[PDB]
Amino acid sequence: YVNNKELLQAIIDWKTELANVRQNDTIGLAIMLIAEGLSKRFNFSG
DNA sequence: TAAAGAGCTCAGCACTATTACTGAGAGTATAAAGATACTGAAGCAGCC
């Protein structure tokens, strides 16, 4: 799906900003992505 | 002797405080996981 590392980056960055409102959606798109990919796991998707 | 006091405490309907107790919530950091048939109607598509 998606490089875990870049996600660490984005979230570190929203950490730093929340240390000041919203967050980037890059990480949010990736979240949708990973949710939907897990959905196709084998116990579920049944 | 026996009708008649005044009270000693036991059925019989609540009440408040209770006690499991079921629900709402908040933590979660390995993975990449298909054998109708027909008619019709606008839209699309090429043309002088």
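Quick note, the first sequence lines up with residues 10 to 29, 37 to 62 if you use the deposited numbering. The C-beta atom is built at its ideal place from N, Cα and C for all residues, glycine as well.
The C-beta separation of residue 20 from residue 50 comes to about 13 Å, leaving the pair out of contact by the 8 Å criterion.
For residue 18, the enclosing alpha helix (DSSP H) covers residues 13 to 27. Here the alpha carbons of residue 45 and residue 52 stand approximately 11 Å from one another.
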